[PDB]
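Undergrad: Take a look at the following structure, please.
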Amino acid sequence: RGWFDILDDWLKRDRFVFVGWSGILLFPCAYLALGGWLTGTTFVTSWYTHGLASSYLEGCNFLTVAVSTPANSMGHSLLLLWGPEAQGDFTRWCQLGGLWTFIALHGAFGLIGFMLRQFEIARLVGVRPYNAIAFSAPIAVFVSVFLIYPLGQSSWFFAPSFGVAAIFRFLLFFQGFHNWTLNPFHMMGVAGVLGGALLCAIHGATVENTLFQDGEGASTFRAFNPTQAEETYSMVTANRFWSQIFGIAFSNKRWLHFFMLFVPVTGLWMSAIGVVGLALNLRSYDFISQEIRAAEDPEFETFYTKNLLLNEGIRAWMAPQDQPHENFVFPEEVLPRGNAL
Amino acid sequence: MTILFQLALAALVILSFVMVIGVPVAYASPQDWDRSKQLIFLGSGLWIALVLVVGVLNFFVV
Amino acid sequence: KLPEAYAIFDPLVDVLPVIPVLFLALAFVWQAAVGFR
Amino acid sequence: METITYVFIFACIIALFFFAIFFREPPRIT
Amino acid sequence: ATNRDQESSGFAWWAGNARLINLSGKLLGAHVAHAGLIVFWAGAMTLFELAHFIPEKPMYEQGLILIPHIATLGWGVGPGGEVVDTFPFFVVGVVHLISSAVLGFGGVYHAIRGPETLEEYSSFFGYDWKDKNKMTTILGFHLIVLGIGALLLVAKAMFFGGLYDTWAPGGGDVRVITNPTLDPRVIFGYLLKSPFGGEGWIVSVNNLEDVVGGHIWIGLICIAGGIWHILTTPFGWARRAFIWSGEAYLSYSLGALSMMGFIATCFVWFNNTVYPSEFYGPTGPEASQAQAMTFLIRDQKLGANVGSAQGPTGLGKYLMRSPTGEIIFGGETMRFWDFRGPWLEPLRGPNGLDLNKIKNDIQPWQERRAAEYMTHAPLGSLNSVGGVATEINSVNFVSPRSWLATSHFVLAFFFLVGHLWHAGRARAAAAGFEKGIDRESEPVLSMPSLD
Amino acid sequence: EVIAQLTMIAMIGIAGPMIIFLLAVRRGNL
Amino acid sequence: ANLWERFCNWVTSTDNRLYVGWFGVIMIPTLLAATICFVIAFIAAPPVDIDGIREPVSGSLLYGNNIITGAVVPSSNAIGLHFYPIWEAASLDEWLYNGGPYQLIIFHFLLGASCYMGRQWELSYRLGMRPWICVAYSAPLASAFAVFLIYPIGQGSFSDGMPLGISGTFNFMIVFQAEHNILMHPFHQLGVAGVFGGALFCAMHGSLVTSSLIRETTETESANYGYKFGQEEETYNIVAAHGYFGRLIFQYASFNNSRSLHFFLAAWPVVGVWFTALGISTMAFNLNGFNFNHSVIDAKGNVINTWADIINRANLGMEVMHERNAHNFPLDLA
Amino acid sequence: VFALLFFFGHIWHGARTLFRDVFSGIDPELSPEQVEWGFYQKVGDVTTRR
Amino acid sequence: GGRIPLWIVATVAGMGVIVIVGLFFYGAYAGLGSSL
Amino acid sequence: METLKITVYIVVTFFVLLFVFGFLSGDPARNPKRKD
Ligand code: CLA
Ligand code: CLA
Ligand code: CLA
Ligand code: CLA
Ligand SMILES: CC1=C(/C=C/C(C)=C/C=C/C(C)=C/C=C/C=C(C)/C=C/C=C(C)/C=C/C2=C(C)CCCC2(C)C)C(C)(C)CCC1
Ligand SMILES: CC1=C(/C=C/C(C)=C/C=C/C(C)=C/C=C/C=C(C)/C=C/C=C(C)/C=C/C2=C(C)CCCC2(C)C)C(C)(C)CCC1
Ligand SMILES: CC1=C(/C=C/C(C)=C/C=C/C(C)=C/C=C/C=C(C)/C=C/C=C(C)/C=C/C2=C(C)CCCC2(C)C)C(C)(C)CCC1
Ligand SMILES: CC1=C(/C=C/C(C)=C/C=C/C(C)=C/C=C/C=C(C)/C=C/C=C(C)/C=C/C2=C(C)CCCC2(C)C)C(C)(C)CCC1
Ligand code: OEX
Ligand SMILES: [Cl-]
Ligand SMILES: [Cl-]
Ligand SMILES: [Fe+2]
């Protein structure tokens, strides 16, 4: 009975909130990403890095607060509180963007912690760790979007900032500069997210509407005993319903629930891959053949060309304020504009 | 009678407030079904009368 | 505005429209009182 | 050539639907 | 413990009102108490609007939806829709609020203290949902009440002051209606109109004679149908077609209300006769047409020959032809050429807008209305920033037409869901499998394999 | 003022809970 | 029996490989018409003057599109909301120029899909099932009504309905954002909670059932072969899954009622998609997203931009460029 | 892209190494005592009962 | 230990949250962030 | 064009009458449990 074994005993005591060894990574880093976001949206500005107000203290609301990314001029600095930018000055760290890397790095380690926790608890209880495996897709999104994407660009300035309206701006930036909707990796991701919502809804509705009558009550929730041996709904009737409604139907309960893991998990992975390409400006921006025809044939128009006109308006109308460090000065006469508007 | 109007009308308001609470409480205690079935009557009569009072006095102040 | 006769009740008038939704909340106070039987 | 390709692939999918419905492995209650 | 818990009623707390299905007296209470809430809100809300009302401001800058309904019936308003006496608004307000208390009282009496079930107290008031005869009788009585109410509108229009008539000569005014339309070729012609562009089904009704006449027909139809159902019981084809149960009746009505919610949505969005723009603001089409007029007027004043001005696309800048030839306003507003309104029709001749009238007869009051309406187009944000989505904060305005259309679409949609919910449930309950599939007798197990 | 409006709704608002409260004390018929 | 009753038993028969039903009697023709027209149009329709300004957009593969850029193009703004059947055209050529196929497809399709919802109810009643699958389909169906019908009603033209095309869908989204700030609209935010949450809970429930499969097979066979269609016993230990998932969060954040769990799975995405459907349907009447443009100002009254103002800068780039030849007057009011 | 995919390979074969015993499924005679709360002072360790 | 009934702490907690959020919505029209 | 219009009115009408009469032909009784 060494000290390591006694510490293992206590970390894996059955308690309201399980700790484990993974907890030594998870709880400090989760709490600090959380605490840091809350602190920064309550109290901290983006005035020196973005020219923006970003806290309740400045009179932002929940939609418009953010912990904003650091100034372009920091590059990919780790922005340590003791590092050469902030020199240990807490106040000036907040003002240069330190909380963004503070959250982004603690959050990345908290995510590692959470997955390790899934493995840890799964091993202790005796179950296969497919929940851990599925959680790989959130990790891949978070790592490609918040770390890889800016690392291929000039600086952390172009990562997402942590706020509601800040993320919308991200969204729209990606449309106007990257044409991200046209990217087949994002399409695949869309299909896996919508498809996963589809599956979620259709599975829950199917089961709720093929319950066996296992109690006399009009509320059907009390007629389920978790220890019971028997399926609580009819697979057989469900399969006939969908075979006749939709033409095919699941017959295998295990395949069905594996399919449910697979769809949304694979979708997020695919979109991750597309974003890695966008780190490099490796976009699916154009269709060359369309551009060659369009340029020679002023009467050739498609929805693809219409959307690019939109992209061009987004870029010109949003760049000076969105990328202030560039000092873009666009006289009115160069702003792209249709008639009247 | 600008002060007699506001008298009636605050009486009316006060008596609405007393009955908003009293009428449902009275109704759900069977210990005083008969202690209080006269009070809802008196209250109800009182109430309708004030509405009438305030309805005629309105036309001498408004 | 209300007729000057009624002006003093302006702030009571200002709050009365929200009263129907308190009925809805009040059913939840009620059911919690009876333990959601 | 590209129009033919798109329609070809679309047409293979519709035929797949037909086989997948009417020539599925019948689910048997075993 | 008469129902009132899950064990005895078979229903959980979150389905608690379903414990009332066969407790006619407590149910009567729940309905009357609820009627009290409706009538309370009509009272409290009107008084609130009056307290907040500034007569110098247009009603539509003030977030009012009920006062505009009263003014439409000709109370409180004069020429142009100007407010001339607020006392009637106060009256409508107070009388509903007082009335709400008597309803309240009778609701809580019946819900808490009255008989839980009415059928042993009284055979006229008690009812079994499966009594097809009692159900058409009650249906019959409420039909009669509704017929009476349609005729109270007629009374108001012919015998007690008339109605506000945005189309009245000289910019609109309260007007007594003396020759309602009884020709059923007009009245039911409205019902057979296509609901599509340029027709608009019953939403196209654009004069108060048609409005008052249709409500004479509805009054009598409802009165006649009421008698019919009081004196009859349902025929065999109807007995076999319907589910006869409380929930089924509920679901039929939810279907109906949902249909009506969507119609009202479109009424307040398109119709500028019974929702006068003086009171509710311009319609979306009206505002869009009003902008083309405004810049027509501006430019023509500067010297522009607006009939011959070719725009960038080759279509006319200010005027073009609709697909059937009518002269209409150009620009994107080409889609709204079906619009009609009292500020615009004076410029209309047999081929659409008349260029001679445009060149010679635009009055300053039309220029004013057109500028008023362009700047009160019904666009705005959920926090009532008026304008297009990109406008800066400044103008605190969302059109009551937006508020009334959006709210009633949301309700109509959810009431459709309610319909499907209770319709499907009432079907399965009546056949007896709403609580689940019976394991000993699973129908599908008795059916041949599909393949 | 606003203090007026708030005292009305404070009073109106405690009205409902107080009924439930009285009927529980008086062991009434909730 | 009689001929009518022979037909009636066939229509409503539970023995047909695809169930027909009375809703099916309407669904099948309208869906077939919609599908056939859509396929021919996507491949071969000539260009459509969507915006009514004699500027035809080319949508079909034969006129220079691929799978991504191609579309059936919405009908002309000149038509607005007018009904434009084939027989109102003077020629098919006219009908093609003005976007007639869009109307035909969407009307037959909305009608077919509504009957698809009712047909889900119908067969559930013949099979002895509970009735509410159709209520779940009502969420996507309602979303289709929003983009094909309701939004064009409120704006006065099917030309502003959603194009039947991959890129045309994106055109629609971008311009919606310009004109309504849908990102700032809480009903759309609820749509995202609904669909992100739906996928989250989809992965979750799959991963947790899959993690707690009872050993019924060797390492060389698919584990799927341990479930046999129609088997009476369950193939996973929900008690084990609750014990995993209760400990991962806490005990009471975890379901152990399967019925409660699967109802949550139903409700979350269906409610969320209802809200986003309603979001499109109320922005149809120009009740738009929160507008916080120039909402923060300093003590002098300089505007202190927030992230909302940066969004507005992008919205204005969409606004001034969309339908660039179509506005002659300075406000884009519909 | 390959580094990121290979991360998934790492998690996959990592999990199979450490969970080889239950890869085909969990124990068909698992006890409710090991997974329900409170019964063992230490999770998944039966020697700690009560 | 267990004396104050649950329904009462809920109501009080509930009114308390209503007030704090009501205040936040008030502030959206007053002072900072009101656009005025 | 007139001939296509007539043909479609007849087709649509035929199918709508099927739908209506079909559901009037005792549809509630066509379920696996209770024939009312
Ligand atoms: C709230 C109003 C209301 C309600 C709920 C009912 C309910 C009922 N009525 Mg009553 N009815 C009413 C008002 C109402 N009625 C009024 C005001 C009148 C006066 C005209 C009548 C006259 C009347 C008669 C004469 C009869 C009924 C019958 C019935 C029963 C069957 C209805 C039916 O099959 O649905 C309608 C379902 C159908 C399948 C009919 C065809 C529907 C098609 C598809 C729609 C289009 C036709 C439509 C009827 C009108 C077209 C208008 C057009 C110009 C647009 C049912 C109990 C029947 C009964 O059993 O008598 C006791 C009966 O014979 N009612
Ligand atoms: C699970 C715990 C955990 C983890 C992973 C992190 C991780 C991090 N923190 Mg956070 N932090 C934590 C807890 C944690 N913190 C806590 C509890 C607080 C509050 C006190 C903070 C407060 C905080 C601040 C204020 C900041 C960080 C920062 C950082 C980053 C840089 C850390 C660094 O440079 O360390 C360097 C130090 C080490 C790696 C530790 C040295 C380890 C050993 C002992 C070295 C010697 C080895 C020896 C030779 C052999 C020994 C063998 C053995 C048998 C004895 C990184 C993302 C910075 C950041 O986010 O900036 C953007 C930053 O400014 N942290
Ligand atoms: C319009 C709203 C509305 C209405 C009218 C009703 C009405 C009713 N409900 Mg339903 N209910 C509702 C909403 C509503 N409910 C909601 C939202 C829920 C979900 C929480 C429920 C959940 C629910 C359950 C779980 C049950 C009911 C039951 C009942 C019935 C008996 C209640 C009882 O015994 O009270 C007992 C309560 C009291 C005595 C407390 C006080 C009650 C009164 C009404 C206070 C109102 C005071 C008010 C200011 C009046 C004074 C003004 C006057 C001077 C004019 C009653 C007919 C019960 C039933 O079916 O009985 C068999 C039942 O078991 N309801
Ligand atoms: C839908 C409405 C409705 C219905 C159907 C009933 C039905 C009933 N009530 Mg209830 N009640 C209601 C509303 C309703 N009440 C309201 C609003 C109140 C508040 C005052 C009450 C207060 C109340 C009490 C206090 C009592 C009843 C009792 C009764 C029973 C016998 C009443 C009787 O025969 O009077 C006979 C009535 C008449 C012969 C006609 C006079 C009634 C009024 C004045 C007629 C007005 C007609 C008017 C034009 C209708 C439109 C009004 C408005 C909406 C436009 C019966 C089951 C009694 C009971 O069951 O006790 C055991 C009882 O004691 N009710
Ligand atoms: C960062 C940092 C740090 C840390 C910090 C911390 C740890 C923090 C924490 C913090 C926290 C921890 C906070 C919290 C906050 C909270 C809040 C702010 C909340 C709010 C809430 C709300 C407002 C909600 C409400 C609601 C709604 C809205 C609806 C429903 C109902 C309810 C009630 C739920 C240190 C020191 C290291 C230093 C460095 C930096
Ligand atoms: C059953 C029930 C329920 C419900 C309830 C209800 C809904 C009730 C109703 C109630 C009602 C419905 C009530 C009413 C009331 C009313 C009142 C009480 C009134 C009064 C008035 C007055 C007194 C006036 C005065 C004035 C004038 C005259 C002028 C101006 C100013 C003023 C406003 C001051 C609940 C859910 C809770 C629960 C369960 C049971
Ligand atoms: C006032 C007015 C007017 C008039 C109105 C009218 C004259 C109305 C009529 C109305 C009507 C006359 C309506 C009707 C209704 C109908 C309905 C809405 C129906 C429905 C039905 C159902 C729902 C059925 C179902 C079914 C089937 C189909 C099969 C078998 C089974 C069942 C039964 C389920 C006008 C516009 C001139 C102007 C303004 C004002
Ligand atoms: C007209 C008038 C009147 C009347 C009034 C009335 C009629 C009132 C009522 C009132 C009411 C009717 C109120 C109520 C209240 C309520 C409340 C305030 C509640 C709340 C709630 C809560 C807070 C909740 C919570 C909870 C629970 C309990 C459980 C679950 C969870 C939760 C958290 C949700 C008077 C006399 C003034 C005079 C003047 C005029
Ligand atoms: O078409 Mn399609 O989009 Ca609704 O706003 Mn006006 O219009 Mn046109 O511009 Mn922007
Ligand atoms: Cl565009
Ligand atoms: Cl224009
Ligand atoms: Fe499941």
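The first residue you see is number 1, and the count goes up from there.
Quick check of the header: X-ray crystallography, 2.3 Å.
The backbone N, Cα and C atoms fix where each Cβ goes, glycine too.
Positions annotated as topological domain 'Lumenal' by Swiss-Prot: B:1-4, B:59-62. The N-formylmethionine annotation in Swiss-Prot covers B:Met1 and is backed by experimental evidence. Residues or ranges marked as transmembrane segment in Swiss-Prot (evidence: experimental evidence): B:5-25, B:37-58. Taken from Swiss-Prot, the feature topological domain 'Cytoplasmic' applies to B:26-36.
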Undergrad: Other than its close neighbours in sequence, what residues sit by the transmembrane segment (B:5-25), given a CB gap under 8 Å and a spacing of at least six beyond its ends?
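TA: Same-chain residues near the transmembrane segment (B:5-25) but 6 or more away: 36, 39-40, 43-44, 46-47, 50-51, 53-54, 57-58, 60-61.
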Undergrad: Could you give me three numbers for the topological domain 'Lumenal' (B:1-4), the DSSP helix, strand and coil residue counts?
TA: 3 helix, 0 strand, 1 coil
Undergrad: Could you tally the C-beta atoms, other than its own, that fall within 10 angstroms of the C-beta of the residue listed as 'N-formylmethionine'?
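TA: The residue listed as 'N-formylmethionine' is surrounded by 10 other Cβ atoms within 10 Å.
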Undergrad: For the topological domain 'Lumenal' (B:1-4), find every same-chain residue at least 6 residues outside the stretch whose CB is under 8 Å from a CB in it, and list them.
TA: 57, 60-61
Undergrad: Which residues, given as numbers and ranges, are at least 6 beyond the ends of the topological domain 'Lumenal' (B:59-62) yet have a Cβ under 8 Å from it?
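TA: Tertiary neighbours of the topological domain 'Lumenal' (B:59-62) are 1-2, 5.
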Undergrad: Using DSSP, break the topological domain 'Lumenal' (B:59-62) down into helix, strand and coil residues and give each count.
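TA: DSSP classes over the topological domain 'Lumenal' (B:59-62) add up to 2 helix, 0 strand, 2 coil.
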